[PDB]
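Peer 1: Could you have a look at this structure, given as structure tokens, before my questions?
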Amino acid sequence: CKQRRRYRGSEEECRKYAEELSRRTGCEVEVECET
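As structure tokens, this is what we get:
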């Protein structure tokens, strides 16, 4: 389970979204950061 999402917001918010998702789910998630 290595999935990915495209998220819009601040760089930090994108990084926070990534870390939260990755620790929340026992898997690997990748995020893309748009603004």
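Numbering (our numbering), first residue to last: 49 to 83.
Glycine is no exception: its CB is placed at the ideal position from the N, C-alpha and C atoms.
Can you look up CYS81 in the DSSP assignment and give me helix, strand or coil?
Peer 2: Strand, per DSSP.
Peer 1: Which residues in the same chain have their Cβ closer than 6 Å to the Cβ of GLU78, if we skip the five residues on either side of it in sequence?
Peer 2: For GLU78, where only same-chain residues beyond five positions count, the Cβ hits under 6 Å are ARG52.
Peer 1: So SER70 is in the alpha helix (DSSP H); what residue range does that whole segment cover?
Peer 2: 59-72
Peer 1: Assuming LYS50 and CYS81 are in contact, meaning their beta carbons sit under 8 Å apart, how far apart are those beta carbons, in whole angstroms?
Peer 2: Incorrect: roughly 18 Å between the Cβ atoms, too far for contact.
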